Ligand SMILES: C[N@H+](Cc1ccccc1C(=O)NCC1CCCCC1)Cc1ccc2c(c1C(=O)O)OCO2
Ligand SMILES: C[N@H+](Cc1ccccc1C(=O)NCC1CCCCC1)Cc1ccc2c(c1C(=O)O)OCO2
């Protein structure tokens, strides 16, 4: 559970926002890319796993599950690559709700940046710092620290 | 000190590697950029502060210290921007040592990636996971968790 992350891809402004959610905390990392390719997804996972102890990734679609570049990055970084099949039906809804929340925040900051990627990072900042009581950023740190000890 | 980060800029292959070091842990984030500008530095700090509770940044040089875009990002993200003067002289050496270690790792993985940015992220991963004992990634989590609690 401390090491489990979920990939999520959403669209805005004719661009792609790639998101990794730390399932237990709701903490996120995200990036803007022109389109979701295996190489982009692989690179994003390499970045993520250098930053947090990523043990398992539930991929966002079967193309990234299949992608040999994504598999090579998971091998490199010591990540177990799994499917994202929502055997729990509430998984679909949680991700949907997050995409809607993120897009709403992006709208609230959109005028404060020229480039979409800036607004997305502002949205990541707000999402991770929002107290719900602890923030997602606080919850991820506590979960992993508990796990280390 | 859980909140204190130091910016560091180094060169390789005609490109710039921008590094943020969490001083208390030695944990790092890094990116490759064509050249160090106020705008790239501002964007890097925005990304960083969405991911970790950044209270203070010691900037790497007087141009990023002066930069109005860097100041606007520090304002946006709630970061106190400070100068990077090594009033403690052992600070110069620690960063120089880190740049040489990072470059060493980058050369050990350089053949495993076409693009420099990939090699740099592999080096970030290795650096943060290296046990010296605890790794830098373990230390940063423990430090911040203790601070929340
Ligand atoms: C396309 N190449 C192939 C390659 C080319 C040359 C040497 C080795 C390999 C190779 O397969 N290395 C194993 C891997 C190790 C970790 C992750 C993925 C693969 C890797 C790659 C993937 C994604 C990217 C890249 C790059 C890049 O080459 O820089 O740059 C930005 O997003
Ligand atoms: C240069 N612009 C000016 C701007 C343009 C339009 C609206 C507001 C502003 C504005 O100054 N907002 C205040 C901030 C300034 C810095 C950080 C947070 C808020 C911002 C910026 C900085 C660095 C970047 C960017 C961008 C971008 O516009 O996307 O893109 C990649 O690295």
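In this analysis, Cβ positions are derived from the backbone assuming ideal geometry, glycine residues included, and neighbour counts consider all displayed protein chains. Read-outs: derived from the displayed coordinates by stated rules, not from any lab.
Scan region A:27-40 for residues that are more than 16 Å from ligand 2 (Cβ to nearest atom), more than 11 Å from chain B (Cβ to nearest Cβ) and in contact with a strand residue (DSSP E or B) (Cβ under 9 Å, 6 or more places away or on another chain) and the total you get is 3.
The set of residues from region B:25-40 being in a strand (DSSP E or B) and either under 13 Å from the mean Cα position of the chain (by Cα) or more than 16 Å from ligand 1 (Cβ to nearest atom) (or both) comprises B:27, B:28, B:29, B:30, B:31, B:32.
Quickly run through region A:105-126 and pick out the residues that are in a helix (DSSP H, G or I) and exposed (fewer than 12 other Cβ atoms within 10 Å of the Cβ).
Listed by number, the residues that qualify are A:111, A:112.
All of A:5, A:75 fail the test of being touching a strand residue (DSSP E or B) at 6+ places or on another chain (Cβ under 7 Å) and either farther than 20 Å from residue B:30 by Cα or surrounded by 19 or more Cβ atoms within 10 Å (Cβ to Cβ) (or both), apart from A:5. Going by the structure shown, is residue B:43 part of a helix (DSSP H, G or I) and either more than 14 Å from chain A (Cβ to nearest Cβ) or surrounded by 13 or more Cβ atoms within 10 Å (Cβ to Cβ) (or both)? Considered against the rule, which asks whether it is part of a helix (DSSP H, G or I) and either more than 14 Å from chain A (Cβ to nearest Cβ) or surrounded by 13 or more Cβ atoms within 10 Å (Cβ to Cβ) (or both), residue B:43 comes out as yes. Select from region B:130-142 the residues that are more than 8 Å from every other protein chain (Cβ to nearest Cβ) and under 17 Å from the mean Cα position of the chain (by Cα) and write down the one among them that is surrounded by the fewest Cβ atoms within 10 Å (Cβ to Cβ). Out of the qualifying residues, it is B:130.
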